[PDB]
Amino acid sequence: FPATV
Amino acid sequence: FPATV
Amino acid sequence: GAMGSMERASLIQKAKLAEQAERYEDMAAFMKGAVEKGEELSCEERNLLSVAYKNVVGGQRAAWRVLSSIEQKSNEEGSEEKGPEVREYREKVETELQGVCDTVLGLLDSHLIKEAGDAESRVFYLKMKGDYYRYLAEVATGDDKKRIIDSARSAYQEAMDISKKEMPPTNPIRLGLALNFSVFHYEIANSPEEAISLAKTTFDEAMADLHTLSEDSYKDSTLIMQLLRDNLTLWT
Amino acid sequence: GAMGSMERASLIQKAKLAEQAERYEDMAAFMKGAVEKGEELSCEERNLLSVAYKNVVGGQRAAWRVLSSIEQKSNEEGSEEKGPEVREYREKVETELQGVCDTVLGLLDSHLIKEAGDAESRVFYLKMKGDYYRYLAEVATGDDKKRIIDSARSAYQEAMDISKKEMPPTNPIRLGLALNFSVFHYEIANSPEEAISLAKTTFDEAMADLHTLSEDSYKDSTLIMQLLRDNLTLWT
Ligand SMILES: *CC(=O)NCC1CCN(C(=O)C2(Nc3ccc(Cl)cc3)CCOCC2)CC1
Ligand SMILES: *CC(=O)NCC1CCN(C(=O)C2(Nc3ccc(Cl)cc3)CCOCC2)CC1
Ligand SMILES: [Mg+2]
Ligand SMILES: [Mg+2]
Ligand SMILES: [Mg+2]
Ligand SMILES: [Mg+2]
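Residue numbers (the deposited numbering), protein chains in the order written: chain B, 591 to 595; chain B', 591 to 595; chain A, -4 to 231; chain A', -4 to 231. A prime marks a further copy of an entry chain.
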């Protein structure tokens, strides 16, 4: 899964 | 801490 | 609410203790109580709120994905019928997740966003609004799925418009917003080209503004820029 | 109880799904429902029950220790008075922990232990009884602390007596019981010599019986023997 903050 | 199961 | 009798400062203190103890459900409940006191949140307090709910919903999303995969496998050809249990339990987790999202959206709507006038606070809350609609979109399958997706898009777009006008390209809030909106494009809106363009342009404009920063600000901005690069690498 | 309307088999199925999803609170609730159907548990089902509650209480114990350390530091000379919040939140976590322990003890007393006639089931449940009294002892400070400690000791001792009569020295239940009773001696009963003697004797008697085992049984027994060795290394 892609990075989110 | 020591091992327990 | 169960936190109505506790002092605002005590709720904030306990949210910090809960974080140290990795008790994120407690942390979120404390921060919900703090928001419901009705005063605006400082930067530190906004961070506590976001960390708490990110961790709670993060866990629910991971569980949902495990269960959804098992359910998908159960519906393939040659799979033995095992009854309604997998769907039921996926639904249970899903409903809990939606509940948390609705709780956060509710705090934002009553009344964090409307009281947030400074760019840093307003963009932060609008990003959160986009994020929690995105989580709702991840699990949506009904009549309102398009409207849920559009609600995420609209919140992110308003945040982007303010961020571009009011914040430098290295501002960590501006960067984190762009990171997440880019993921929205890739995973939710079926727009990988928009996702890639946004991530690239955001990275490059940040790169060009690093020269203006202190060491500590440089550290903060470059961390998020690396996340943008990580996603670009995943996608290209 | 909220699980009263769900089929026993469906509760067991969902406990397994919850484990895969790392949803240990759900797993425990499902297994509590399954126990409350009133039928005895198979070996696999006993394992599900133990795994669920071990993980829930494990998390609570870790949080309790974080909070207790902060509280201890707050009571040192030169520490600034920060009000009742740390004690309150440690108490909150503590009360939740005690609640879970009481729930498990309740399942064991009503009526798992009394229906368990085979050595493997009876020893397993009596070990659990010792374990959950040990967790209560970890946080106990009042009039009943000695009685709580003695309740753990008594449950472990009954389990040991049966295990020594009825099970081979390599049996994983016998080994795990001895491991945990040894920790009880070291951490709860202020008896490090008894702890070390038990761990050593258990290890050595198991070593001498490995020759009787299949490859798969050997794997199971040696894993727990290594835990005994790890503790001995910590303690000597
Ligand atoms: C009040 C405020 O200004 N909050 C923003 C902080 C900026 C620094 N920061 C981070 O870089 C991390 N989290 C994060 C960044 C950006 C947004 Cl919009 C939300 C959260 C800290 C954890 O690792 C990821 C970046 C904290 C928040
Ligand atoms: C029904 C039954 O016989 N259960 C015992 C199993 C023996 C094998 N096993 C383990 O070795 C581990 N857990 C564990 C051992 C002993 C006891 Cl008394 C309780 C639990 C598996 C996880 O790693 C530690 C050993 C599973 C239970
Ligand atoms: Mg649903
Ligand atoms: Mg553009
Ligand atoms: Mg107490
Ligand atoms: Mg002896």
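Note that the Cβ used here is the ideal one computed from N, Cα and C, for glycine as well.
Alpha carbon of residue i to alpha carbon of residue j, nearest angstrom
i: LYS27/A; j: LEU44/A; result: 8 Å
i: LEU170/A'; j: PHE119/A'; result: 11 Å
i: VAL134/A; j: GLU89/A; result: 7 Å
i: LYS160/A; j: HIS206/A; result: 20 Å
i: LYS32/A; j: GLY(-1)/A; result: 8 Å
i: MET162/A'; j: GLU210/A'; result: 19 Å
i: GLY54/A'; j: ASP156/A; result: 43 Å
i: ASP113/A; j: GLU2/A; result: 26 Å
i: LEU62/A; j: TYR84/A; result: 8 Å
i: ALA593/B'; j: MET22/A; result: 29 Å
i: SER5/A; j: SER105/A; result: 22 Å
i: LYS141/A; j: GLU20/A'; result: 34 Å
i: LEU107/A'; j: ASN50/A'; result: 20 Å
i: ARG224/A'; j: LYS11/A'; result: 31 Å
i: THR231/A'; j: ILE65/A'; result: 29 Å
i: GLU80/A; j: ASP199/A; result: 49 Å
i: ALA154/A'; j: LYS122/A'; result: 6 Å
i: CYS38/A'; j: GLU17/A'; result: 21 Å
i: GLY73/A'; j: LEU103/A; result: 41 Å
i: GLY101/A; j: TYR127/A; result: 10 Å
i: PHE591/B'; j: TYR48/A; result: 30 Å
i: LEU227/A'; j: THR196/A'; result: 11 Å
i: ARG56/A; j: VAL46/A; result: 15 Å
Any non-hydrogen atom of ligand 5 within 7 Å of residue i CB
i: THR90/A'; result: yes
i: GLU80/A'; result: no
i: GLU133/A'; result: no
i: residue 232/A'; result: No answer is possible for residue 232/A': the residues shown for chain A' start at -4 and end at 231.
Spatial neighbours of residue i in its chain, beta-carbon cut-off 6 Å, leaving aside the 5 residues before and after
i: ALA111/A; result: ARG117 and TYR120
i: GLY125/A'; result: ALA147, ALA150 and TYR151
i: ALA190/A; result: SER177, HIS180 and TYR181
i: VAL52/A; result: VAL95 and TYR130
Residue i Cβ short of 7 Å to ligand 2 heavy atom set
i: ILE183/A'; result: no
Three-way DSSP call (helix, strand, coil) for residue i in this model
i: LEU92/A'; result: helix
i: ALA593/B; result: coil
i: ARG18/A; result: coil
i: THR228/A'; result: helix
i: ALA173/A; result: helix
i: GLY(-1)/A; result: coil
i: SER105/A'; result: helix
i: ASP97/A'; result: helix
i: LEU208/A; result: coil
i: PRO164/A'; result: coil
i: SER116/A'; result: helix
i: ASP145/A; result: helix
i: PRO79/A'; result: coil
i: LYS32/A; result: coil
i: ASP138/A; result: coil
i: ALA111/A; result: coil
i: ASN70/A'; result: coil
i: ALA184/A'; result: coil
i: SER64/A'; result: helix
i: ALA203/A'; result: coil
i: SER192/A; result: helix
i: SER37/A'; result: coil
8 Å CB neighbourhood of residue i in its chain, flanking five on each side removed
i: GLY(-4)/A'; result: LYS27, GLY28 and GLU31
i: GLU40/A'; result: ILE7, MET26 and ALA29
i: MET202/A; result: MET220
i: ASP215/A; result: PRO167
i: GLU91/A; result: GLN55
Cβ shell of residue i (< 7 Å), same chain only, five flanking positions each side left out
i: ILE219/A'; result: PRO167, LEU170, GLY171 and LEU174
i: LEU131/A; result: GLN93, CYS96 and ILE143
i: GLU75/A'; result: none
i: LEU222/A'; result: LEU174
i: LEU208/A'; result: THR165 and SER216
i: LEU193/A'; result: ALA173, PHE176, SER177 and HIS180
Query raised in the report: Pick out every residue whose C-beta is nearer than 7 Å to a heavy atom of ligand 7: which are they, in chain order?
Result: As for ligand 7, it is missing from this structure, which binds only ligand 1, ligand 2, ligand 3, ligand 4, ligand 5 and ligand 6.
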